[PDB]
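Have a look at the structure below before the remarks.
Each reported figure results from applying straightforward, stated rules to the coordinates on display, with no laboratory input. Neighbour counts are summed over all protein chains in view; Cβ atoms, including those assigned to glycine, are modelled from backbone coordinates with ideal geometry.
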Amino acid sequence: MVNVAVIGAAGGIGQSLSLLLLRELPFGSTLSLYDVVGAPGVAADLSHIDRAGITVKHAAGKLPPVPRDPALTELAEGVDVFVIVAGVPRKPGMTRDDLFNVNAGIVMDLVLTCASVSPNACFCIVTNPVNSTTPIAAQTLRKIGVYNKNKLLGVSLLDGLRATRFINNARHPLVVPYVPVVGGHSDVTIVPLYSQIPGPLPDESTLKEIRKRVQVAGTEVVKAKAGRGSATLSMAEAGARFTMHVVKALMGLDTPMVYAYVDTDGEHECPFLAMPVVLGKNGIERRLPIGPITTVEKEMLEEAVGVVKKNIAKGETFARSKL
Amino acid sequence: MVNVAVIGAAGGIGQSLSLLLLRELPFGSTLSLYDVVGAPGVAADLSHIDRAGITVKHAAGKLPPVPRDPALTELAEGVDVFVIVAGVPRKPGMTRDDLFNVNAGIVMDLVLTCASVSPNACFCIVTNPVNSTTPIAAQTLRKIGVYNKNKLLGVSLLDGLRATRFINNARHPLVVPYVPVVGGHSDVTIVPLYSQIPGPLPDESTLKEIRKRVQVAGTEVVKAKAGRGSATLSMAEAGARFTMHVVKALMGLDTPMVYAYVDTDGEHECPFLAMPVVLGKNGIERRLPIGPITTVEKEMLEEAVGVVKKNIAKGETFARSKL
Amino acid sequence: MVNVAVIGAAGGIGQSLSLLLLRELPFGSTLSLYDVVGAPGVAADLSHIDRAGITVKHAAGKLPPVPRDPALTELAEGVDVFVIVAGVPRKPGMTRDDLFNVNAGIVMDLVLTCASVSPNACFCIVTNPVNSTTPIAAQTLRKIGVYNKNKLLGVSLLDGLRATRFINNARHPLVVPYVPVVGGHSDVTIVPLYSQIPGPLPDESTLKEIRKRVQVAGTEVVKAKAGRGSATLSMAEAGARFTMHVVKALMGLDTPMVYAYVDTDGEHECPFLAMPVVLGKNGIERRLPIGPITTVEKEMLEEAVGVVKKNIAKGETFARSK
Amino acid sequence: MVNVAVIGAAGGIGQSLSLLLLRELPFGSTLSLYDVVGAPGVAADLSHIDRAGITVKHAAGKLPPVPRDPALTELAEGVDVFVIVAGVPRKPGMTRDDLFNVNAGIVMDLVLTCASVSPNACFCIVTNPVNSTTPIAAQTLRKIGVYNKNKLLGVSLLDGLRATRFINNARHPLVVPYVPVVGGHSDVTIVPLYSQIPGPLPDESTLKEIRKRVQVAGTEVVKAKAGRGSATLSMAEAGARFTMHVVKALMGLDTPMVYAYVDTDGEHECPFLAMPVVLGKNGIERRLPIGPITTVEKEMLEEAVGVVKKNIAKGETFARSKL
Ligand SMILES: NC(=O)c1ccc[n+]([C@@H]2O[C@H](COP(=O)([O-])OP(=O)(O)OC[C@H]3O[C@@H](n4cnc5c(N)ncnc54)[C@H](O)[C@@H]3O)[C@@H](O)[C@H]2O)c1
Ligand SMILES: NC(=O)c1ccc[n+]([C@@H]2O[C@H](COP(=O)([O-])OP(=O)(O)OC[C@H]3O[C@@H](n4cnc5c(N)ncnc54)[C@H](O)[C@@H]3O)[C@@H](O)[C@H]2O)c1
Ligand SMILES: NC(=O)c1ccc[n+]([C@@H]2O[C@H](COP(=O)([O-])OP(=O)(O)OC[C@H]3O[C@@H](n4cnc5c(N)ncnc54)[C@H](O)[C@@H]3O)[C@@H](O)[C@H]2O)c1
Ligand SMILES: NC(=O)c1ccc[n+]([C@@H]2O[C@H](COP(=O)([O-])OP(=O)(O)OC[C@H]3O[C@@H](n4cnc5c(N)ncnc54)[C@H](O)[C@@H]3O)[C@@H](O)[C@H]2O)c1
């Protein structure tokens, strides 16, 4: 059916994501789990669940981590979808540049290892910062000669989940299933488009507050966790749902419209942007326009695009220094 | 309509179980989260999920843990179902006996706090060892004069998930949805009843191996996690499923048949046993007979019951020494 | 918990609607079936399905049909939602005016009988023409003093299913789950609002043809049945879907936004209109504005409203003359 | 990827069956509708429903009916599953043997026409009497040299629905999802095996009445319909559910255990029987034993098998005389 690989499976997001995929993957599928620590334990725990027709596979990377880990090279054979959720924490004395450099190098190494074996797979990038790790992944795919602009997806759906939760909390009992969220995936680059959902909106003063809340929502969860770090359970939810949209599209079981941080393929001045796309059997099938927006949303988007172009440049600069 | 409290919500089991309940609870429900550590973070993380009509509430207990925590007393008001997943799964320097006393203490304190506010709630006990913590819960409820034998459930379903997975792996493509598991919830007390499922079984030499594997399956996960972890994702799955049977039974939206470690209410010599029950609007509606078993299963059940009887006694003796 | 009565359960729409509700109603529900012909057969057939937790009740009306059948009086006790799918869709020698009088009288007798026993029930009117039968049901409720403007719903959702299918056929692979349809529920009164759905639209000349096909879609099925039949399976699908939104709303399992032909409660000059509402535990919880529309849609809506006004007036006249 | 054809789609079963298939078929499927009268009307009616990803096709046969209708020949191209729900009513003047001869000849002609174009399809026979029409379909497929014993299925699941409904009505609140029903599919040939379901059974007088009720349920509905004929809405339900098991099995999306009236392939003296099978990608994957039964069920099955053998011979004798 499909073979979905979670890369960083023993992680905060990767354990709960792996459980939701075990529950939701179509009968006949394989769930492949990789991590440099904890992967056997996760696979042994998930393998006890009574899901008939799901094969659980895993591989353990070396500690300390090696580039091009041969356990990952073997697990990556015959994978359709790679969900990259690997990451390392900022330790006391690590600068922001050090954190960026450490996680950028992990995304490069993992995409090189996986794509050298399964170059026609979809890559779903969760590892932050998405605005930068996506275009690092593209540069890495270009370097081996297998970049497919329709199969690289920056996972930005957690913004949509938040934007939806917050507007439904404000408009109860009027509910919507989703809110378009375009631009990028961090702070000022996040642009919720409430003007494109149905029904009367709260006053513009309230909308400024809600839109701001979407932009700083990650910091809201960092503060509430008081040292345990960023969102895990809501990112498992967003990641599992996004992965299941890809899977169903690859299997011919849906043609879903989603929001993701994607190669704009000449549709925009910005070469990567969170935008609406339809997914099909070959990955992205159609790039949709952003569509009509209010003057407030257009100003937010011009500001966002300026920062996204800097985020992308920072990714490509890192990728060309190392590759 | 229903308010479900997860007591121990920031734990390895608690966080994934809370995520599943957030996804699966009926529209109009409340999900109440309590922990002595990390409760605010978890609630903040889960509150960002776009599940319309689910209210997420939390309370943080004091550290160090205090008896009868007033933050719990407040959260416990209007709760229909308490899921007790708090506990200490392991601690270097502590034996099985030391951990029994620690987990017994936790269960007594939490059940007294919760039942003093919400005496008509259902109590689902996950905290190990279930064979002792369920009767400790019963002795606690009796001490405050509110014990309802139909509202106390020891959660033993993870044995059934394991028994189903291992027999489906053996018999594919012949699949069953469940396997009766009776007796108790640890090692020698687990008795899977493969004779009671449809279709031809493997040889008895193979069945002996499968039944043994169910009994020591927890140890298989501990070993895969290098002695430093235990089953968390498979217990979240079992816990969420069993909680949702209790929720739908309370709401009149199902009358499901489940296996749980319950008060036998005079239907067996052993006063608590993992047995088949039907759930309804008032908790347990019917206690079913174990049903026909082979001589091999009868021999395992006789051995198991002798152990469960000492496990119960040990739990009731702890409870009476401290109540 | 919920008791749903299908009134006209043995008809072409009533039999398939009853089947879908039997499959989809929440565990613990009752499905109550009534007809003047065939009800015992339909109830026996449905009662054999292995749906745990659903009770199937029926009653058989006398022939020839009487005002206020006592079988219906007894079945109507404890019913939360009445789905009125009774009627005469065609008869050789009868004009559209003749069919109006027949369907109008059937809706008056059935709404009086039901509401005399269960006045707090929601009333879902499927019987055509909806533009006239919905206000006739309102005048009948008023006549016994139990009219609740939040519990009467004219079922217009078939126009939405068609509008959605036709726009999804045109824009494949881009799929939307619904299209707003406002105004009324016949011919020129049906106003699809394609400007209110996501994603790029076909050119205005194409949207012209799709909007027109929605308006005459019912004739498309009548022609394909050689003049001897009409939409039954697609109405059963729409009927069952709309009923399930009312049921979940009443049980507090959803607060859905639906398009229905409803009493506008002073939110519009036109006293009944197909417009967006949110349903809750007491029926309509919120009446939403039509919202921003294109100059073409504004023009279609102005023509539609003029015709809906005449259709309402025609209904309220029938009800006051009888 | 699946193309399911309903042959008799404008009939009392075929209209409701086609609606349920339109709702339940996987996204990407095709629903093909054929009838000698009303098929354009049903197809126009179903084609207006807002189901994304389902293609609706139809063909209309000639009236009066002709053998090897060219419209069916074209519609049958690329079909994976043929659901045969055609039939003509007994009008006054017609004996019980005029009824049998006209329906048996319709089954023969339809199977000939469809299997000449799509010999590797599954054939699901709903047309009555199933005990005879199933073996007629088999003789027909043998004459053109394409009989696959694993791809011919007599649909007997309506007896399971009824056996399940009746025992659930009697045992409430104890629910089971299915009851084994073996033998054949009419009157005394129908043998519900209540000894093989979980939980305590009602007393023998209650069981006797329920077993009898399953046997005469077809007649209970004919009487209630008081001249409108046999079951339609509950046969649409059973037929849709059966078709959906066959569909998922062909697509690799399930390996369901079902009860159907099938070629026993040397597993029983009786050459066609309602028995348990597992379905997979090539139709019947495994034929299971009837399993252990009580002396009363063994007495009922022995009588049943005597009459099923005569019903088979009645079909074969008809087919060999016309083939
Ligand atoms: N896209 C989003 O919306 C979003 C939101 C939340 C967090 N995230 C990002 O997801 C990533 C993971 O977050 P987390 O909380 O789960 O972290 P975590 O530290 O809990 O988990 C990361 C996991 O990756 C593993 N890992 C490290 N290097 C690896 C390698 N070379 N190969 C394989 N596995 C390796 C670690 O062992 C660990 O199990 C971070 O970059 C985080 O910022 C993204
Ligand atoms: N089949 C089963 O029933 C089964 C299987 C696995 C584990 N368990 C049991 O589940 C329990 C939890 O396991 P885990 O892996 O999630 O452990 P964990 O340590 O990861 O989480 C337990 C949580 O309980 C909290 N807690 C401790 N004392 C508390 C108190 N007084 N009030 C509130 N919260 C308190 C802790 O802070 C922690 O967040 C253990 O007892 C374990 O043995 C049961
Ligand atoms: N979009 C819509 O709302 C829509 C679309 C299609 C059809 N309809 C309307 O639905 C109605 C039913 O259409 P149909 O094709 O099912 O017709 P039908 O003739 O097949 O069924 C109508 C049923 O109503 C019953 N009935 C008549 N008078 C009754 C009474 N006094 N009490 C109880 N039952 C009574 C009949 O016995 C029959 O079973 C018609 O008015 C049709 O115009 C509405
Ligand atoms: N297997 C079971 O459990 C079971 C139960 C109920 C009824 N049945 C059988 O199902 C069959 C259909 O019953 P029904 O109530 O829908 O009958 P129906 O008369 O209402 O419909 C039968 C349809 O078959 C069509 N038809 C006739 N000849 C045809 C041909 N050559 N090609 C294509 N279509 C043709 C007719 O035009 C009609 O639309 C009957 O044999 C009935 O006895 C089976």
Open item on the list: For a 29 Å ceiling on Cα separation, which of these pairs sit above it: B:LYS151/C:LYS151; D:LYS91/D:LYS322; C:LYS225/D:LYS248; D:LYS225/D:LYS322; A:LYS248/C:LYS298; B:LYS143/B:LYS281?
Closed with: B:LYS151/C:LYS151; C:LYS225/D:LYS248; D:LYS225/D:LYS322; A:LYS248/C:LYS298
Task: Rounded D (µm²/s) - the protein assembly as shown, Kirkwood Rh over Cα pairs, Stokes-Einstein at 20 °C, 1.002 mPa s - done: 65 µm²/s
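Classify the stretch C:59-144: rounded, prolate or oblate, from the alpha-carbon gyration tensor (a ≥ b ≥ c, eigenvalue square roots; a/c under 1.5 rounded; otherwise prolate if a/b is larger than b/c)?
Details: a/c = 2.12, a/b = 1.41, b/c = 1.50.
Since a/c reaches 1.5 but b/c is at least a/b, the shape of the stretch C:59-144 is classed as oblate.
Under 12 Å from the Cβ of C:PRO135, count the other residues' Cβ atoms, weight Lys and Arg +1, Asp and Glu -1, and hand me the total. If you can, show how the numbers build up before the last one.
Details: positive: C:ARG142, C:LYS149, C:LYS309, C:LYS310, C:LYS314, C:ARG320; negative: C:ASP263, C:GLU316.
After counting each charged neighbour, the total is +4.
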TODO: With label points built 7 Å along Cα→Cβ from the Cα atoms of D:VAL307 and B:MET1, find their separation and express it in nm.
DONE: 4.6 nm
- [ ] Taking just the C-alpha trace of the stretch B:1-155, give me its Rg and Dmax in Å.
- [x] 14.8, 46
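Contact order normalised by length for chain B, with contacts defined as Cα pairs under 8 Å and 6 or more residues apart; what percent is it? Don't skip to the end; give the middle numbers.
Working: 628 pairs, mean separation 55.9, N = 323.
Computed value for chain B: 17 percent relative contact order.
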Open item on the list: Suppose every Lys and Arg Cβ carries +1 and every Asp and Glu Cβ carries -1, with no other charges. What dipole size does the stretch C:196-298 come out with about its Cα centre, to the nearest 20 debye?
Closed with: 420 debye
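Less than 15 Å Cβ to Cβ from D:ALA76, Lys/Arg counted +1 and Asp/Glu -1: what total charge do the surrounding residues give? List each step's numbers first, then the result.
Details: positive: D:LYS57, D:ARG68, D:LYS151; negative: D:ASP35, D:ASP69, D:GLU74, D:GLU77, D:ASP80, D:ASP109.
Local net charge: -3.
Count charges around B:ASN169 for me, please; just the other residues with Cβ under 13 Å from its Cβ, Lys/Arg as +1, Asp/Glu as -1.
+3
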TODO: Determine the calculated [θ] at 222 nm for chain B from helices alone, applying -39500 (n - 2.57) to every DSSP H run no shorter than 4 residues and normalising by the residue count; nearest 500 deg cm²/dmol.
DONE: -15500 deg cm²/dmol
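Charges only on Cβ, +1 for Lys and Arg, -1 for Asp and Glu: so what's the dipole of the protein assembly as shown about the Cα centre, in debye to the nearest 20?
Numbers: 132 positive and 116 negative charges, 4 e Å.
So the dipole magnitude of the protein assembly as shown works out to roughly 20 debye.
Only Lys, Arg, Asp and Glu count, each charged at its Cβ (+1, +1, -1, -1), so figure out the dipole size of chain D about its Cα centre, rounded to 20 debye.
Values: 33 positive and 29 negative charges, 74 e Å.
Dipole of chain D, to the nearest 20 debye: 360 debye.
Do you know the relative contact order of the stretch A:102-233, to the nearest whole percent, from alpha carbon pairs under 8 angstrom that are 6+ apart?
Details: 150 pairs, mean separation 23.1, N = 132.
Relative contact order for the stretch A:102-233 comes out at 18 percent.
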Task: Scaled radius of gyration (Cα, divided by 2.2 N^0.38 Å) that the stretch B:181-264 gives - done: 1.32
Task: q = 0.14 Å⁻¹, the stretch D:168-228: log10 I(q)/I(0) [Debye, one scatterer per Cα] - done: -0.46
Task: Descending semi-axes in whole angstrom, ellipsoid equivalent of the stretch A:122-231, from the Cα gyration tensor - done: 30, 18, 11
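Classify the stretch D:223-283 as rounded, prolate or oblate from the Cα gyration tensor: take a ≥ b ≥ c as the square roots of its eigenvalues, call it rounded if a/c is under 1.5, otherwise prolate when a/b beats b/c and oblate if not. All intermediate terms of the calculation are to be shown ahead of the outcome.
Values: a/c = 3.93, a/b = 1.43, b/c = 2.75.
It is oblate, given that a/c is not under 1.5 and a/b is not larger than b/c.
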- [ ] Report, largest value first, the span of the C-alpha coordinates of chain A along each principal axis, in whole Å.
- [x] 55, 46, 42
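With contacts defined as alpha carbon pairs under 8 Å and 6 or more residues apart, what's the relative contact order of the stretch A:156-323 in percent?
Once divided by the residue count of the stretch A:156-323, the mean separation gives 24 percent.
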Task: 15 Å Cα-Cα reach of A:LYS57 towards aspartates and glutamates, excluding residues that sit fewer than 8 places from it in its own chain - done: A:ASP35, A:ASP45, A:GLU74, A:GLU77, A:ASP80
- [ ] Assuming 0.890 mPa s and 25 °C, estimate D for the stretch C:156-322 with Stokes-Einstein, Rh taken as the Kirkwood radius over Cα pairs, in µm²/s.
- [x] 144 µm²/s
